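In structure tokens, one chain follows: the form deposited in one PDB entry.
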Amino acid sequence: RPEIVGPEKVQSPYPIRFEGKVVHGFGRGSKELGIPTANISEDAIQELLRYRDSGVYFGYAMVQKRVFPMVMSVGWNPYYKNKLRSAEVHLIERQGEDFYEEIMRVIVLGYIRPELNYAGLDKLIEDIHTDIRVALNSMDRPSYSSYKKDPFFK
């Protein structure tokens, strides 16, 4: 896997800006895996991501008045046969308490990869760590890092 992805400069459809309240997930908490993920209110992403590819994206997100680089998994609610979009965000290198019910503002800047066939916990953790490394490397480029101060995070 490459250690950096996407064009040198942010390109359409990015940036994708949206906000939603953080809600509880579907059970199996990533907290135990050392990589907590914030589930975004379903009503904030159904149409917005309906035609976006499933997989891992990267960008910046703000919650509790703090901005962080992030990775986000876009998939489907595992409890319904009818396609219902789901989006879970991991705020990179964040330290703090939980933030359920808080509004999270998200700015997606690029795509990392599609869903990978589950190959075990070890492999999953490795893939997530790589996703994080890739996100940070990709956002170290000026066109991307400038979004950490986007007006949307005012």
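For clarity, a rigid core is taken as the largest C-alpha set superposing within 1.5 Å between two forms. Throughout, we count residues from 1 along the sequence that is shown.
J.: Is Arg85 unresolved, in the sense of carrying no coordinates, in at least a third of the other compared entries?
T.: Yes.
J.: So which stretch wins on mean C-alpha B-factor, 118 to 126 or 57 to 65?
T.: The stretch with the larger average C-alpha B-factor is 118 to 126.
J.: Looking at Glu102, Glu32, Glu42, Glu88, which one carries the largest C-alpha B-factor according to the PDB entry?
T.: If I rank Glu102, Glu32, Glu42, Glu88 by C-alpha B-factor, first place goes to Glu32.
J.: Give the position of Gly25 by CA B-factor within its chain, expressed as the lowest, middle or highest third.
T.: It belongs to the highest third of the chain when residues are ordered by C-alpha B-factor.
J.: Thinking about Cα B factors across the chain, which third does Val71 belong to?
T.: Ranked within chain, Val71 CA B lands in the lowest tercile.
Unshown form deposited in another entry; subsequent notes refer to it.
J.: Core superposed first: is there a CA shift of 2 Å or greater at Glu101 between this form and the one not shown?
T.: For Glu101, whose C-alpha is compared between this form and the one not shown after core superposition, the shift is 2 Å or more.
J.: Is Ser30 displaced by at least 2 Å at its C-alpha between this form and the one not shown when the rigid core is overlaid?
T.: Yes: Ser30 shifts by at least 2 Å between this form and the one not shown.
J.: Could you tell me whether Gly96 and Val23 have their C-alpha atoms closer or farther apart in that other deposited form than in the shown form, knowing the shift is 3 angstroms or more?
T.: Between the C-alphas of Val23 and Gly96, the gap widens in that other deposited form (3 Å or more compared with this form).
J.: Compared with this form, is the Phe26-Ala38 Cα separation smaller or larger in that other deposited form, the difference being 3 Å or more?
T.: Note: Cα gap between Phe26 and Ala38 shrinks in that other deposited form.
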